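J.: Please find one structure pasted underneath; my questions will follow.
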Amino acid sequence: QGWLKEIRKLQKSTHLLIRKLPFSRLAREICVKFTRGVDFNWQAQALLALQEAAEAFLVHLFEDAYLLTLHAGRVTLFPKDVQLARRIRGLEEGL
Amino acid sequence: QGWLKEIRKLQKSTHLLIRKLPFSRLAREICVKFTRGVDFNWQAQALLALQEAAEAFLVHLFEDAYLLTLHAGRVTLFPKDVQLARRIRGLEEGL
Amino acid sequence: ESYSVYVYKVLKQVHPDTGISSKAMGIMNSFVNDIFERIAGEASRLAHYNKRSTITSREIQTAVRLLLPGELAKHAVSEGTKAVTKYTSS
Amino acid sequence: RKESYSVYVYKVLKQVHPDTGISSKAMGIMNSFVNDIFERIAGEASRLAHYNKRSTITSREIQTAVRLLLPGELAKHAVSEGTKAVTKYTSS
Amino acid sequence: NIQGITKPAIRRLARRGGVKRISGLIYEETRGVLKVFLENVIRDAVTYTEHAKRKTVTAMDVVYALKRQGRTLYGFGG
Amino acid sequence: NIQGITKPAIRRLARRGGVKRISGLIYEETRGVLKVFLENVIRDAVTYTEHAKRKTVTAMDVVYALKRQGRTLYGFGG
Amino acid sequence: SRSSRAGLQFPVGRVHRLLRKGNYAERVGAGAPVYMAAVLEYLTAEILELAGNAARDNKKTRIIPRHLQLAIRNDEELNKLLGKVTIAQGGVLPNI
Amino acid sequence: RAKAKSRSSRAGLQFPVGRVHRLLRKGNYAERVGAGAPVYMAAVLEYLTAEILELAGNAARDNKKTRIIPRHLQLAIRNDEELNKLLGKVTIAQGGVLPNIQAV
DNA sequence: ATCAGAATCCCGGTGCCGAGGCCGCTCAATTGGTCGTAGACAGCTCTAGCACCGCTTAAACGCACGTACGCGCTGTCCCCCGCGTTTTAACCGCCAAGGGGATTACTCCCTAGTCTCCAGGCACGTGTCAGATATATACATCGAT
DNA sequence: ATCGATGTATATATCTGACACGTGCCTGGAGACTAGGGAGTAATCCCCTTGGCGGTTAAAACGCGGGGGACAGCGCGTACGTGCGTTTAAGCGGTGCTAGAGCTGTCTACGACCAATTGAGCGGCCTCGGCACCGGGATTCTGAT
């Protein structure tokens, strides 16, 4: 029953769940496409602000998709639930 | 299969589906509670603007709730689906 | 310039023994600034709809009754209408 | 006198489709659409000039507001239309 | 008098939304969500009306209430 | 580098969200959702950064780029 | 005519007056109403061309707001620009 | 000259009236700003600040802390229903999601 | 696949009324010219972002395995759609009153603007104590020996 | 699952660093005066909203019957959580460079601001043709067999 202890522990802590360096390299990889090949510098608080926003969006999408999962009469999340919550939330709230 | 002919005939047309006079009485009954007892007048275009907005809101909510219904393995729309569409639709875009 | 002095003054009025951290103070500065921009922009478009040039206390009172929910919009306009009526006495 | 955008929506309509017309209600839709997009682009440029400690809405804030608000293909054509019009206007 | 939002009208709204079958408990909740929507938009339109020195809820007050709540309406005001 | 968002990290985000069980197809769909979200935020932040005459994406540019999308983020822009 | 100078059909003087009397900023440049009216004219040309095609597909020589809704909701990007708006007297795009 | 009484002192407030007057004037909200609007605005901001600071102090006393961290600000905002509608579109940095492991 | 029988568009009349073209007028935009200041722009300081190295070491990962659960099938049984007759209230067309939107004209008083002081708030600096761990003690709380 | 092991709240013990109180300083806010226009306020015209009545007639309502579908039960079998050994890359902690943020100082194009003038655009008015409705052709789907 380690999922109950894990959910009960992760819903108390406030630390970032995605590790900071591969999220930084992901943000560099996405940022170099919109700058037409030139590389930009990032402030240290810019990546932390982006990581807080991305992780909060991901946990809110996961609780919405789990409401959809319990609507379907199951407990496992299937990506059809995340894909459905992205279009019930809208075109800019779920995207 | 009269439901299919009814769905296509209602999706072709643009006319207001709710009748104008009972919706007008509902809008005035709701309005008299907020105006501190003294009755207010409504313009002829105000009741039509509110009725177009309420009609478009109810059709969009029924589209979202029917997506949830087809997610649950059903074809009958159930009030739990409209409740869940309002819940995962947000605090701003729902209700 | 930030709202750190006033959030701390309000905090020591409300809870006299508690304190606030630096990151929570940044939350409070951002919260005060965001509610300021929302109420001021709503009063701005309220003055723009009626072809007026002045943001009075009526425009702020209407923007508070629009933006805030029902329970808060009956307390905030009490605080505002007590503060302005105190201020005009001077 | 109540100013509207009905004449220019008609001029643009005649240019794109010289045989069609617009109803009164669908001219109200377009006259409200232009006003809504004008309010959005100018408010975005307004807060964009407020961020950078500037007082002037020049063409950079309008172009950046267009790039912020619009989607990917519409932005790339709308900034081309805007830069072409600004170059044609300043070449006079 | 929300029972004037009749059962075939709620059925017509659901059939415009593409709903094939409708349970019998939909009609008492559609008349709750419609009441909540009206008690938001009419409250904001009455606030916009009472801010001016008016006693008439115009089409502009409803359009501005709806634009305040994020759902812009076109073709009535502007 | 999108595989650097590892399966334990996605599972930790889902367990924070309250999810009891997770299929194996969530990890390749959550990475696409994170790609789309970071593209939408980083495009606006790079647009704000390029609008100023700067080559460094600051912290305020992310906060403004999120308040653009309607998701406000308190704690960095004040 | 300033609008004619920029090769546009939307007005640059009315857009400059709405930018100056709209409280957006302390000062408004010269090319900002030109750029603004060009963007508005392009967006109006795009949605009117799609509405004209949607009206000609219905074999009508006149645009009613049903055709504007069929123009917005069928196009992918104008549906992202006009996602949270409601076209009056425009029926929902057919789907099931 | 008489002694300089600040405008937030005569209104019985703690948030500044002169600073919010300068922010309303230089903010391009309107070309003219009245006198009672900064007093009203500062009173509303001082009420909303004391309204989430009281619930934050309550959640810090419930966590047995004598100091407010933004986790307590999240627990204060997401628990009261009016502030959850006022701050629905607001992400609190370094704030954990409210504990809701649903009983299905 | 075959039926007779509803169900959909396609040519032709008929007519209403609203779009569109045209005109007079008036006000808002165009044209010159001034002039004060915001922004382009060089020059310089110095913060902090990037890059690297080396060592931990906690987290990721591969593999296997049991079992919880997804999913397809099936059987009662409720209860929603369709149909037919009532029946009732929305709606259209008149008609008439009058409340209140909207405009104008006068006029005060409120708020921008400026100049001068000076006290509130910010940057910096430093003690000290709240909180993060740490680790043996006592207390619930059940799952696997 | 009658107790035994197992996770979990008390509790004192360091210990670091971040909060909070203090000081010096400066620029932003308060006081006092002017002065011009925006908004308060009465007066009036006329729209347009409400209210009423009477017929009609389309839509709502009631009830009945049947068949679709919700939902509970169950079994097969896939795939997910868990445990454990292995491996790897994130994180710390230092260090060193330099790109670029940020600040200052000069100056020049640029946009606000007046006046005079007039053409673009708004209100109103009239006509005509697009569209709504209707009527048979001609075809083209739909349950029962």
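Here, residue 1 is simply the first one shown, and the rest follow in order.
Per the header of the entry, the method used was electron microscopy, 3.1 Å.
Just so it is clear, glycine is given a Cβ too, placed from its N, Cα and C backbone atoms.
According to Swiss-Prot, the record shows the following:
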CROSSLNK  E:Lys7  UFM1 cross-link
CROSSLNK  E:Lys7  SUMO2 cross-link
CROSSLNK  E:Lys35  SUMO2 cross-link
CROSSLNK  E:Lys55  SUMO2 cross-link
CROSSLNK  E:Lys67  SUMO2 cross-link
CROSSLNK  E:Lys67  ubiquitin cross-link
MOD_RES   E:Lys7  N6-succinyllysine
MOD_RES   E:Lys7  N6-(2-hydroxyisobutyryl)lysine
MOD_RES   E:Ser23  phosphoserine
MOD_RES   E:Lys35  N6-(2-hydroxyisobutyryl)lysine
MOD_RES   E:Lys55  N6-(2-hydroxyisobutyryl)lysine
MOD_RES   E:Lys55  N6-butyryllysine
MOD_RES   E:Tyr64  phosphotyrosine
MOD_RES   E:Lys67  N6-succinyllysine
MOD_RES   E:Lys67  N6-butyryllysine
MOD_RES   E:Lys67  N6-(2-hydroxyisobutyryl)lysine
MOD_RES   E:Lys67  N6-acetyllysine
MOD_RES   E:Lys67  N6-(beta-hydroxybutyryl)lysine
J.: Measure the Cβ-based neighbour count of E:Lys67 (SUMO2 cross-link), defined as the other Cβ atoms within 10 Å of its Cβ.
T.: 19
J.: Could you check what DSSP calls the residue listed as 'phosphoserine' once collapsed to helix, strand or coil?
T.: coil
J.: Chain B sits near which of the recorded positions E:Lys7, E:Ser23, E:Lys35, E:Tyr64, E:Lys67, counting only a Cβ gap under 8 Å?
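T.: Of E:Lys7, E:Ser23, E:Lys35, E:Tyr64, E:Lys67, the entries that lie near chain B are E:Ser23, E:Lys35.
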J.: Can you figure out which of E:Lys7, E:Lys35, E:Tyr64, E:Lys67 (the recorded positions) comes closest in space to E:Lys55 (SUMO2 cross-link), comparing Cα atoms?
T.: E:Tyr64
J.: For E:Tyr64 (phosphotyrosine), what is the secondary structure state per DSSP, taken as helix, strand or coil?
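T.: Looking at the DSSP assignment, E:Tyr64 (phosphotyrosine) belongs to a helix.
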J.: With every protein chain in view, what's the tally of Cβ atoms within 10 Å of the Cβ of E:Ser23 (phosphoserine), excluding that atom itself?
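T.: Total other Cβ atoms inside 10 Å, all chains included: 15.
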J.: Could you check which of the recorded positions E:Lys7, E:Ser23, E:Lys35 is the closest Cα neighbour of E:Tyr64 (phosphotyrosine)?
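T.: Going through E:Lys7, E:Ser23, E:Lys35 one by one, the Cα closest to that of E:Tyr64 (phosphotyrosine) is E:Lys35.
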J.: Given the recorded positions E:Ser23, E:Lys35, E:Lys67, state which is nearest to E:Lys7 (UFM1 cross-link) when distance is taken between Cα atoms.
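T.: Checking each of E:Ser23, E:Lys35, E:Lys67 against E:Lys7 (UFM1 cross-link), the shortest Cα distance is to E:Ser23.
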J.: My list of recorded positions is E:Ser23, E:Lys35, E:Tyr64; which of them have a Cβ under 8 Å from any chain C Cβ, in sequence order?
T.: E:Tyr64
J.: My list of recorded positions is E:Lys7, E:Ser23, E:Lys35, E:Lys55, E:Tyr64, E:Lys67; which of them have a Cβ under 8 Å from any chain F Cβ, in sequence order?
T.: none
J.: Taking 10 A as the limit, how many CB atoms besides its own sit near the CB of E:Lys55 (SUMO2 cross-link)?
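T.: Around E:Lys55 (SUMO2 cross-link), other Cβ atoms within 10 Å: 12.
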